[PDB]
Amino acid sequence: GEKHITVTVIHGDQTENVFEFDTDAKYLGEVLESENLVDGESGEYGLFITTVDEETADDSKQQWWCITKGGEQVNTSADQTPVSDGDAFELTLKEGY
Ligand SMILES: [Ca+2]
Ligand SMILES: [Ca+2]
Ligand SMILES: [Ca+2]
Ligand SMILES: [Ca+2]
Ligand SMILES: [Ca+2]
Ligand SMILES: [Ca+2]
């Protein structure tokens with residue numbers, strides 16, 4: 001079935017870009033890659049997202065893309081994150097830990 005979701009990208013300079021998807025995808029990674037909104041690499045814990053909406057995290061400055069769902073922590077890699085109708089996800093560029 002078709003689910004209606006939003007993905008908001010919070011860039012390094014605080015620019016927020018909001019993307020709406022109408023999707024039958026089971027998982028968030030499929031949704032993100034449907035429009036090539038992210039680039040990531042496979043690995044043993046799932047997708048490691050390096051670039052979102054044409055912004056690449058600088059590994060050397062401890063930057064990384066973080067997935068949240070209505071601001072709440074998401075425990076799964078994007079390719080293992082189930083999508084529900086009405087979901088709002090965020091991808092935020094974070095620095096450090
Ligand atoms: Ca529906
Ligand atoms: Ca709409
Ligand atoms: Ca891609
Ligand atoms: Ca690519
Ligand atoms: Ca873009
Ligand atoms: Ca519904």
# chains A, B, ... in the order shown; residues from 1 in each chain; ligands from 1
call {"tool": "closest_atom_pairs", "arguments": {"of": "chain A", "to": "ligand 3", "cutoff": "7 Å", "atoms": "only C-alpha atoms and all ligand atoms", "output": "CSV"}}
result
residue,atom,partner,partner_atom_place_in_ligand_line,distance
A:33,CA,ligand 3,1 (Ca),5.5
A:36,CA,ligand 3,1 (Ca),4.5
A:37,CA,ligand 3,1 (Ca),6.4
A:38,CA,ligand 3,1 (Ca),4.8
A:39,CA,ligand 3,1 (Ca),3.7
A:40,CA,ligand 3,1 (Ca),6.4
call {"tool": "write_last_selection", "arguments": {"atoms": "N, CA, C and O atoms", "output": "PDB file, in the first residue's frame"}}
result
ATOM      1  N   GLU A  33      16.598   6.242  -1.583  1.00  0.00           N
ATOM      2  CA  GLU A  33      17.306   5.972  -2.842  1.00  0.00           C
ATOM      3  C   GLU A  33      16.416   6.063  -4.069  1.00  0.00           C
ATOM      4  O   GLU A  33      16.942   6.226  -5.155  1.00  0.00           O
ATOM      5  N   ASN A  36      17.502   9.112  -5.382  1.00  0.00           N
ATOM      6  CA  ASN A  36      18.903   9.346  -5.137  1.00  0.00           C
ATOM      7  C   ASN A  36      19.157  10.512  -4.154  1.00  0.00           C
ATOM      8  O   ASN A  36      20.026  11.336  -4.364  1.00  0.00           O
ATOM      9  N   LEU A  37      18.434  10.513  -3.056  1.00  0.00           N
ATOM     10  CA  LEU A  37      18.587  11.591  -2.045  1.00  0.00           C
ATOM     11  C   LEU A  37      19.792  11.381  -1.135  1.00  0.00           C
ATOM     12  O   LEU A  37      20.212  12.296  -0.481  1.00  0.00           O
ATOM     13  N   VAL A  38      20.306  10.164  -1.091  1.00  0.00           N
ATOM     14  CA  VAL A  38      21.450   9.820  -0.289  1.00  0.00           C
ATOM     15  C   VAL A  38      22.437   8.983  -1.077  1.00  0.00           C
ATOM     16  O   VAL A  38      22.088   8.400  -2.127  1.00  0.00           O
ATOM     17  N   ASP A  39      23.670   8.967  -0.614  1.00  0.00           N
ATOM     18  CA  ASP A  39      24.655   7.953  -1.025  1.00  0.00           C
ATOM     19  C   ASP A  39      25.130   7.275   0.238  1.00  0.00           C
ATOM     20  O   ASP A  39      25.388   7.928   1.259  1.00  0.00           O
ATOM     21  N   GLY A  40      25.230   5.944   0.158  1.00  0.00           N
ATOM     22  CA  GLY A  40      25.742   5.189   1.228  1.00  0.00           C
ATOM     23  C   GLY A  40      26.496   3.992   0.799  1.00  0.00           C
ATOM     24  O   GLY A  40      26.420   3.576  -0.337  1.00  0.00           O
TER      25      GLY A  40
END
call {"tool": "residues_near_ligand", "arguments": {"ligand": "ligand 1", "cutoff": "6 Å", "atoms": "only C-alpha atoms and all ligand atoms", "output": "number ranges by chain"}}
result
A: 2-3, 85
call {"tool": "closest_residue", "arguments": {"among": "A:43, A:12, A:1, A:82", "to": "residue 66 in chain A", "atoms": "only C-alpha atoms"}}
result
A:12
call {"tool": "closest_residue", "arguments": {"among": "A:5, A:30, A:45, A:73", "to": "residue 18 in chain A", "atoms": "only C-alpha atoms"}}
result
A:5
call {"tool": "select_by_dssp", "arguments": {"residues": "chain A", "states": "strand (DSSP E or B)", "output": "JSON, numbers by chain"}}
result
{"A": [3, 4, 5, 6, 7, 8, 9, 10, 16, 17, 18, 19, 20, 21, 22, 23, 27, 38, 39, 40, 41, 48, 49, 50, 51, 52, 55, 56, 63, 64, 65, 66, 67, 68, 69, 72, 73, 82, 88, 89, 90, 91, 92, 93, 94, 95]}
call {"tool": "closest_atom_pairs", "arguments": {"of": "chain A", "to": "ligand 2", "cutoff": "10 Å", "atoms": "only C-alpha atoms and all ligand atoms", "output": "JSON lines"}}
result
{"residue": "A:4", "atom": "CA", "partner": "ligand 2", "partner_atom_place_in_ligand_line": "1 (Ca)", "distance": 7.5}
{"residue": "A:5", "atom": "CA", "partner": "ligand 2", "partner_atom_place_in_ligand_line": "1 (Ca)", "distance": 9.0}
{"residue": "A:6", "atom": "CA", "partner": "ligand 2", "partner_atom_place_in_ligand_line": "1 (Ca)", "distance": 9.6}
{"residue": "A:20", "atom": "CA", "partner": "ligand 2", "partner_atom_place_in_ligand_line": "1 (Ca)", "distance": 7.0}
{"residue": "A:21", "atom": "CA", "partner": "ligand 2", "partner_atom_place_in_ligand_line": "1 (Ca)", "distance": 7.9}
{"residue": "A:22", "atom": "CA", "partner": "ligand 2", "partner_atom_place_in_ligand_line": "1 (Ca)", "distance": 7.5}
call {"tool": "write_last_selection", "arguments": {"atoms": "C-alpha atoms", "output": "tab-separated table (two decimals), in the first residue's frame"}}
result
chain	number	residue	atom	x	y	z
A	4	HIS	CA	2.76	9.24	2.84
A	5	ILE	CA	5.89	10.30	4.63
A	6	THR	CA	8.23	13.23	5.02
A	20	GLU	CA	7.60	14.36	0.75
A	21	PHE	CA	7.24	10.81	-0.45
A	22	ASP	CA	4.22	8.79	-1.46
call {"tool": "closest_residue", "arguments": {"among": "A:97, A:53, A:19, A:86", "to": "ligand 5", "atoms": "only C-alpha atoms and all ligand atoms"}}
result
A:53
call {"tool": "closest_residue", "arguments": {"among": "A:84, A:27, A:77, A:52", "to": "residue 10 in chain A", "atoms": "only C-alpha atoms"}}
result
A:52
call {"tool": "residues_around", "arguments": {"residues": "residue 9 in chain A", "least_positions_apart": "3", "cutoff": "7 Å", "atoms": "only C-alpha atoms", "output": "PyMOL selection string"}}
result
chain A and resi 16-18+90-92
call {"tool": "atom_distance", "arguments": {"atom1": "atom 1 (Ca, counted along the ligand's line) of ligand 5", "atom2": "CA of residue 54 in chain A"}}
result
6.0 Å
call {"tool": "residues_around", "arguments": {"residues": "residue 93 in chain A", "least_positions_apart": "6", "cutoff": "10 Å", "atoms": "only C-alpha atoms", "output": "PDB file with N, CA, C and O atoms, in the first residue's frame"}}
result
ATOM      1  N   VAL A   9      15.881  17.004   5.754  1.00  0.00           N
ATOM      2  CA  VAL A   9      17.312  17.030   5.815  1.00  0.00           C
ATOM      3  C   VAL A   9      17.755  18.285   6.518  1.00  0.00           C
ATOM      4  O   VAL A   9      17.435  19.367   6.069  1.00  0.00           O
ATOM      5  N   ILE A  10      18.484  18.123   7.604  1.00  0.00           N
ATOM      6  CA  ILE A  10      19.038  19.256   8.364  1.00  0.00           C
ATOM      7  C   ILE A  10      20.546  19.289   8.099  1.00  0.00           C
ATOM      8  O   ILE A  10      21.331  18.462   8.565  1.00  0.00           O
ATOM      9  N   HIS A  11      20.893  20.234   7.263  1.00  0.00           N
ATOM     10  CA  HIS A  11      22.212  20.399   6.752  1.00  0.00           C
ATOM     11  C   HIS A  11      23.166  20.998   7.814  1.00  0.00           C
ATOM     12  O   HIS A  11      22.745  21.521   8.860  1.00  0.00           O
ATOM     13  N   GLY A  12      24.444  20.996   7.438  1.00  0.00           N
ATOM     14  CA  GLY A  12      25.516  21.527   8.274  1.00  0.00           C
ATOM     15  C   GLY A  12      25.343  22.985   8.630  1.00  0.00           C
ATOM     16  O   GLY A  12      25.735  23.349   9.724  1.00  0.00           O
ATOM     17  N   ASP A  13      24.748  23.788   7.733  1.00  0.00           N
ATOM     18  CA  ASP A  13      24.518  25.225   7.964  1.00  0.00           C
ATOM     19  C   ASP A  13      23.103  25.538   8.491  1.00  0.00           C
ATOM     20  O   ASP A  13      22.683  26.714   8.434  1.00  0.00           O
ATOM     21  N   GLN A  14      22.405  24.519   9.003  1.00  0.00           N
ATOM     22  CA  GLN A  14      20.985  24.578   9.498  1.00  0.00           C
ATOM     23  C   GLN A  14      19.884  24.712   8.480  1.00  0.00           C
ATOM     24  O   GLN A  14      18.705  24.792   8.886  1.00  0.00           O
ATOM     25  N   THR A  50      26.784   8.564   3.825  1.00  0.00           N
ATOM     26  CA  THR A  50      27.855   9.541   3.757  1.00  0.00           C
ATOM     27  C   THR A  50      27.384  10.886   3.198  1.00  0.00           C
ATOM     28  O   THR A  50      27.928  11.911   3.559  1.00  0.00           O
ATOM     29  N   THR A  51      26.430  10.856   2.278  1.00  0.00           N
ATOM     30  CA  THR A  51      25.969  12.050   1.588  1.00  0.00           C
ATOM     31  C   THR A  51      24.468  12.074   1.610  1.00  0.00           C
ATOM     32  O   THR A  51      23.825  11.060   1.321  1.00  0.00           O
ATOM     33  N   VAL A  52      23.903  13.238   1.975  1.00  0.00           N
ATOM     34  CA  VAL A  52      22.472  13.437   1.922  1.00  0.00           C
ATOM     35  C   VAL A  52      22.192  14.781   1.257  1.00  0.00           C
ATOM     36  O   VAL A  52      22.758  15.791   1.645  1.00  0.00           O
ATOM     37  N   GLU A  55      25.172  16.964   0.351  1.00  0.00           N
ATOM     38  CA  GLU A  55      26.114  17.317   1.382  1.00  0.00           C
ATOM     39  C   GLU A  55      26.761  16.075   1.981  1.00  0.00           C
ATOM     40  O   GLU A  55      26.101  15.161   2.479  1.00  0.00           O
ATOM     41  N   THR A  56      28.080  16.052   1.902  1.00  0.00           N
ATOM     42  CA  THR A  56      28.879  14.923   2.312  1.00  0.00           C
ATOM     43  C   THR A  56      29.464  15.226   3.684  1.00  0.00           C
ATOM     44  O   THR A  56      30.088  16.288   3.895  1.00  0.00           O
ATOM     45  N   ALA A  57      29.303  14.292   4.605  1.00  0.00           N
ATOM     46  CA  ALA A  57      29.875  14.375   5.926  1.00  0.00           C
ATOM     47  C   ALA A  57      31.401  14.314   5.806  1.00  0.00           C
ATOM     48  O   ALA A  57      31.940  13.410   5.119  1.00  0.00           O
ATOM     49  N   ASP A  58      32.074  15.153   6.590  1.00  0.00           N
ATOM     50  CA  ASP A  58      33.545  15.152   6.678  1.00  0.00           C
ATOM     51  C   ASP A  58      33.956  14.251   7.836  1.00  0.00           C
ATOM     52  O   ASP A  58      33.885  14.640   8.992  1.00  0.00           O
ATOM     53  N   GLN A  63      32.154  14.106  11.522  1.00  0.00           N
ATOM     54  CA  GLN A  63      30.782  14.377  11.112  1.00  0.00           C
ATOM     55  C   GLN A  63      30.126  13.105  10.619  1.00  0.00           C
ATOM     56  O   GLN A  63      30.791  12.237  10.054  1.00  0.00           O
ATOM     57  N   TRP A  64      28.817  13.023  10.841  1.00  0.00           N
ATOM     58  CA  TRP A  64      28.067  11.860  10.458  1.00  0.00           C
ATOM     59  C   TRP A  64      26.603  12.217  10.345  1.00  0.00           C
ATOM     60  O   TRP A  64      26.078  13.104  11.010  1.00  0.00           O
ATOM     61  N   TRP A  65      25.911  11.508   9.457  1.00  0.00           N
ATOM     62  CA  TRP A  65      24.463  11.645   9.260  1.00  0.00           C
ATOM     63  C   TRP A  65      23.725  10.761  10.232  1.00  0.00           C
ATOM     64  O   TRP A  65      24.014   9.574  10.401  1.00  0.00           O
ATOM     65  N   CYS A  66      22.736  11.364  10.891  1.00  0.00           N
ATOM     66  CA  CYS A  66      21.928  10.705  11.895  1.00  0.00           C
ATOM     67  C   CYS A  66      20.477  10.647  11.498  1.00  0.00           C
ATOM     68  O   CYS A  66      19.921  11.643  11.086  1.00  0.00           O
ATOM     69  N   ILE A  67      19.869   9.491  11.652  1.00  0.00           N
ATOM     70  CA  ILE A  67      18.452   9.303  11.331  1.00  0.00           C
ATOM     71  C   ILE A  67      17.631   9.435  12.608  1.00  0.00           C
ATOM     72  O   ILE A  67      17.910   8.753  13.591  1.00  0.00           O
TER      73      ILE A  67
END
call {"tool": "atom_distance", "arguments": {"atom1": "CA of residue 83 in chain A", "atom2": "CA of residue 28 in chain A"}}
result
5.8 Å
call {"tool": "decode", "arguments": {"residues": "range 5-50 of chain A", "atoms": "C-alpha atoms", "output": "mmCIF file, in the first residue's frame"}}
result
data_model
loop_
_atom_site.group_PDB
_atom_site.id
_atom_site.type_symbol
_atom_site.label_atom_id
_atom_site.label_comp_id
_atom_site.auth_asym_id
_atom_site.auth_seq_id
_atom_site.Cartn_x
_atom_site.Cartn_y
_atom_site.Cartn_z
ATOM 1 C CA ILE A 5 5.887 10.305 4.635
ATOM 2 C CA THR A 6 8.227 13.233 5.016
ATOM 3 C CA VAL A 7 12.007 13.289 5.225
ATOM 4 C CA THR A 8 13.630 16.496 6.439
ATOM 5 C CA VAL A 9 17.312 17.030 5.815
ATOM 6 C CA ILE A 10 19.038 19.256 8.364
ATOM 7 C CA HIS A 11 22.212 20.399 6.752
ATOM 8 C CA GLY A 12 25.516 21.527 8.274
ATOM 9 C CA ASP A 13 24.518 25.225 7.964
ATOM 10 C CA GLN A 14 20.985 24.578 9.498
ATOM 11 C CA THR A 15 19.222 24.727 6.145
ATOM 12 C CA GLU A 16 16.275 22.334 6.360
ATOM 13 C CA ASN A 17 15.033 20.763 3.134
ATOM 14 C CA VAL A 18 11.767 18.885 3.380
ATOM 15 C CA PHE A 19 10.981 16.071 1.026
ATOM 16 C CA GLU A 20 7.602 14.355 0.754
ATOM 17 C CA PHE A 21 7.238 10.806 -0.453
ATOM 18 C CA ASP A 22 4.215 8.792 -1.460
ATOM 19 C CA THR A 23 5.670 5.284 -1.355
ATOM 20 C CA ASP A 24 4.918 1.546 -1.151
ATOM 21 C CA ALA A 25 8.417 0.968 0.228
ATOM 22 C CA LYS A 26 8.873 -1.214 3.216
ATOM 23 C CA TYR A 27 12.123 0.473 4.324
ATOM 24 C CA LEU A 28 13.493 3.945 4.635
ATOM 25 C CA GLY A 29 16.595 3.303 2.545
ATOM 26 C CA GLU A 30 14.447 2.304 -0.448
ATOM 27 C CA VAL A 31 12.546 5.560 -0.099
ATOM 28 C CA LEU A 32 15.694 7.672 0.148
ATOM 29 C CA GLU A 33 17.306 5.972 -2.842
ATOM 30 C CA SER A 34 14.175 6.233 -4.985
ATOM 31 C CA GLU A 35 15.188 9.793 -5.807
ATOM 32 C CA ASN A 36 18.903 9.346 -5.137
ATOM 33 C CA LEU A 37 18.587 11.591 -2.045
ATOM 34 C CA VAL A 38 21.450 9.820 -0.289
ATOM 35 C CA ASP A 39 24.655 7.953 -1.025
ATOM 36 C CA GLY A 40 25.742 5.189 1.228
ATOM 37 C CA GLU A 41 27.959 2.207 1.513
ATOM 38 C CA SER A 42 26.911 -1.317 2.575
ATOM 39 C CA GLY A 43 28.412 -2.955 5.613
ATOM 40 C CA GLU A 44 27.788 -5.416 8.357
ATOM 41 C CA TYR A 45 25.441 -3.224 10.403
ATOM 42 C CA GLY A 46 23.610 -1.894 7.339
ATOM 43 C CA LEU A 47 23.899 1.193 5.217
ATOM 44 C CA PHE A 48 26.417 3.848 6.221
ATOM 45 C CA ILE A 49 25.078 7.130 4.742
ATOM 46 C CA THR A 50 27.855 9.541 3.757
#
